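This report concerns only the one structure given below.
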Amino acid sequence: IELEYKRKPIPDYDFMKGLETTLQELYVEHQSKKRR
Amino acid sequence: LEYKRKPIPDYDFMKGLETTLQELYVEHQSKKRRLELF
Amino acid sequence: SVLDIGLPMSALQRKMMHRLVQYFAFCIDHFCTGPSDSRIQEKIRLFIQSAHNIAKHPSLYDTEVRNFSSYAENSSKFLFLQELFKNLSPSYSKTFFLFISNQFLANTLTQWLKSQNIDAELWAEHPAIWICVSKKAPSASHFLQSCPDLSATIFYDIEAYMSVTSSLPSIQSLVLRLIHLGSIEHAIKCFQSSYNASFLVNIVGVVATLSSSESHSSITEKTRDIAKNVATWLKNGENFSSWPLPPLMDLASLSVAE
Amino acid sequence: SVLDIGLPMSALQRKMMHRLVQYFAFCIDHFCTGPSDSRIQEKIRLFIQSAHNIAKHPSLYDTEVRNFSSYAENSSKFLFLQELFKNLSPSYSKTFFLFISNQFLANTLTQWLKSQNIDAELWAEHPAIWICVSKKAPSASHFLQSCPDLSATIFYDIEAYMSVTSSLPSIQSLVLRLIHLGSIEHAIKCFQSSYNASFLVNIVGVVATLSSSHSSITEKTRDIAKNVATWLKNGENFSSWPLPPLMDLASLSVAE
């Protein structure tokens, strides 16, 4: 049976942004080894 | 469908849970030892 | 009639709860924010079980054989039970029934209480305290009709409460519940009133939020003070009106659905 | 008719593919080992799109802008296109249409081929190569009916291929496809065949499994480009197509 959703269980959890972040984080940290 | 193979060979959700919880237990033991010495 | 004893979780238990929610982060977020498939729900049951286990005793995730009497270090529940009988002394003479939803812990508790000179022993289909595995509840119900003149009941864990309440007819005796503060036990308590469509979602959500009291010394102090108070209370004819413990704080504001 | 050009992924791409699958591990495992709900499927779409983006170019995940010439460093697709037209020389006189499913990369590609004095330009509506965005395909179709006498087609990415192939009628000139080995592009290629219900599960499963060298990458790509150029010069003979077909990935299927 259907429910009304008030709130997130894990407030800081954001699946989409975490992906964006980690992929970009990897990219720039690869550029570190380009310098090094 | 019929599911003939796992997509990630080394992945096991149920097993990794036991592992990580047990792994944390032993981390605490080390911390407990370290406190008792120092 | 049914009274709650709020006991704090150890640092270990909190870490484990934090690790558990983290490991289930995707699954919890999915389940708690919309309709989910049968297999998601299956995985949430494992989350709930694990949370129950941590709340029973963290050493359920110890791989190795350990020396009984190692255990009260990380369980406010074990310490509570120790300090209760310590301050209850040989004067008091009512027979306790304790329900626990784990065979290993039943055995360890039973053996550890004996170790401290407490007349405790396992139930099976007169002592200072019976230790009963919640699986073997169908037998004890018969004997919880005769000794209502003098038989008090302790639930070590909420899982045992859930199990025993549903199977057996409602018990005519004093019921004490050991409920860990901030655990799934606390969450189940606050949403007991419902058991509707949003029950699972809410208890998971609250636990998730809480895991996204203080240190060892302070826990021990609080546990003893709670134990002294309850013992004192039992000695004085178990007055409903002079129950000394505050109730568990309400977590309904931390709900995620309905 | 469609001739595939398998190109190797850079170290960066393989890392990003490894990170991607790791980030999606629970979701991939759930999706690919049993029935799943609408919302799982929706999240899998994001995994698939990320995989395409990595296969297009890793710099789609660059936070800041950057100047051309930096891009070929990490894309063998860019390198391939440089070496093709380099070795193709001013002798060859047939016009290429490259299709790509990203505006930023289309601009970047054109401005880098212009950098290496290759007669390339963005398609608005004759030069050496027209860099066309896949969204703007419905226009090119009309003009891929008149120059079949002399107009070849390169698909930079599989999205570009799928979008243009359907939206337009059957292109009856030469079709080249740039496909990254072991990427989601490879996977889609292998499981195109069926057009059925185990499709998503298989491409995700295969890519998950495969994701669980600099100078040599440069060499191979150079060799491939030289071979294709040589092949184009000699009147694009069917029986002398120099590149091996993409290896079959059916054995790594997770379902059906």
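Miscellaneous remarks
- Qualifying residue in segment C:192-212 (condition: within 12 Å of the chain's Cα centre (by Cα) and of a type in the set (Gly, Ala, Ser)): no
Here is a yes/no grid of residues against (1) outside any strand (DSSP E or B); (2) β-branched (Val, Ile, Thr); (3) surrounded by 21 or more Cβ atoms within 10 Å (Cβ to Cβ):
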position	(1), (2), (3)
C:148	yes, no, no
C:152	no, no, no
C:159	yes, no, yes
C:165	yes, yes, no
C:172	yes, no, no
C:177	no, no, yes
C:189	yes, no, yes
C:195	yes, no, no
C:201	yes, yes, yes
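- Hey, residue D:84 of a type in the set (A, V, I, L, M), over 20 Å from residue D:155 (Cα atoms) and surrounded by 15 or more Cβ atoms within 10 Å (Cβ to Cβ) or not: no
- So residue D:107, is it more than 14 Å from chain A (Cβ to nearest Cβ), closer than 21 Å to residue D:14 by Cα and touching a strand residue (DSSP E or B) at 6+ places or on another chain (Cβ under 9 Å): no
- The set of residues from segment C:1-58 being over 15 Å from the mean Cα position of the chain (by Cα) and under 20 Å from residue B:29 (Cα atoms) comprises C:11, C:12, C:14, C:15, C:16, C:17, C:18, C:19, C:20.
- Residue within segment C:52-71 that is exposed (fewer than 15 other Cβ atoms within 10 Å of the Cβ), among the β-branched types (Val, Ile, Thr) and touching a helix residue (DSSP H, G or I) at 6+ places or on another chain (Cβ under 6 Å) present: yes
- Residue in segment C:221-233 that is hydroxyl-bearing (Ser, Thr, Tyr), within 14 Å of chain A (Cβ to nearest Cβ) and crowded, with 16+ Cβ neighbours inside 10 Å present: no
- Any hit, segment D:201-223, residues being of a type in the set (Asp, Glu), closer than 30 Å to residue D:21 by Cα and out of contact with any strand residue (DSSP E or B) (no Cβ under 6 Å at 6 or more places or on another chain): yes
- Matching residues, chain A, being under 23 Å from residue D:49 (Cβ atoms) and of a type in the set (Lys, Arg): A:17
- Residue D:213 meets the conditions (1) within 14 Å of chain B (Cβ to nearest Cβ); (2) under 19 Å from residue D:9 (Cβ atoms); (3) among the small types (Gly, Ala, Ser) in every case but one. The failed one is (1).
- Scanning chain B for residues being surrounded by fewer than 13 Cβ atoms within 10 Å (Cβ to Cβ) and either within 14 Å of chain D (Cβ to nearest Cβ) or in contact with a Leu (Cβ under 6 Å, 6 or more places away or on another chain) (or both) gives a total of 6.
- Residue match in segment C:98-117 (condition: surrounded by fewer than 21 Cβ atoms within 10 Å (Cβ to Cβ) and of a type in the set (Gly, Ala, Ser)): yes
- Within segment C:204-250, the residues that satisfy the criterion of being in contact with a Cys (Cβ under 8 Å, 6 or more places away or on another chain) and part of a helix (DSSP H, G or I) are C:204, C:205, C:206, C:208.
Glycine gets a Cβ as well: all are built from the backbone with ideal geometry, and neighbour counts include every protein chain shown. Here, each number is a calculation from the coordinates, and none is a lab measurement.
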